[PDB]
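Colleague: Per the entry's author numbering, residue 2 is the first one in the first sequence, and the count goes up by one each step. Note that CB positions come from ideal geometry on N, CA and C, so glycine has one too. Next up is a structure, given as structure tokens.
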Amino acid sequence: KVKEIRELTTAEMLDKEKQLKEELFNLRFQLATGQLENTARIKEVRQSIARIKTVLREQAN
RNA sequence: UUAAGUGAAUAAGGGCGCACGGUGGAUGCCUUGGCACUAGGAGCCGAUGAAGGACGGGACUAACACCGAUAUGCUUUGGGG
């Protein structure tokens, strides 16, 4: 959801950031080659990256 | 039978009236926009980068809207069920 993000330190924040990046790259490729039953995840990953970034923003000033 | 005289009707096509269609959108009714004002708010925006724009953002994306690499959306405080 939203609250589990607030628990982790800045290290885990950047970790999950890079992990979501990689997942987005894989979703991108597997789009072009006729796959990905559940395409509604291409929203979730971008929105989660957004949430992580803003929550990071509010802490660092 | 001869002779003299009289002489109707038919339409290649056209006129008039009637009856039935075809093109064309007047007229009848109607409003999704306008016009002129009344009362009240408001009367500036900009080097923290303006007005206005180009390019992009969706499973599909040609356009219009909204958005901006956090891109058809992020956080929080109230409403709603």
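When the distance is taken between beta carbons, is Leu15 closer than 8 Å to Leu28?
Modeller: The count along the first sequence starts at 1 and reaches residue 28 at position 27. The count along the first sequence starts at 1 and reaches residue 15 at position 14. Not in contact: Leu28 and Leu15 (Cβ atoms no closer than 8 Å).
Colleague: Could you give the distance in angstroms between the alpha-carbon of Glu5 and the alpha-carbon of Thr34?
Modeller: As a position in the first sequence, residue 5 is number 4, starting the count at 1. As a position in the first sequence, residue 34 is number 33, starting the count at 1. Answer to the nearest angstrom: the Cα atoms are 34 Å apart.
Colleague: Ignore the nearest five residues each way along the sequence and tell me which others in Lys54's own chain have a CB closer than 8 Å to its CB.
Modeller: Numbered from 1 along the first sequence, position 53 holds the residue referred to as residue 54. Excluding residues within five positions, the ones whose Cβ falls inside 8 Å are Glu18.
Colleague: By Cβ distance, which residues of its chain are closer than 7 Å to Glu24, with the 5 residues on each side in sequence left out?
Modeller: Working through the first sequence from its first residue, we reach residue 24 at position 23. Excluding sequence neighbours, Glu24 sits near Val46.
Colleague: Using 8 Å as the threshold, is the C-beta distance between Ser49 and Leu32 below it?
Modeller: Here residue 49 corresponds to residue number 48 of the first sequence, with the count starting at 1. Here residue 32 corresponds to residue number 31 of the first sequence, with the count starting at 1. Not a contact, by the Cβ cut-off of 8 Å.
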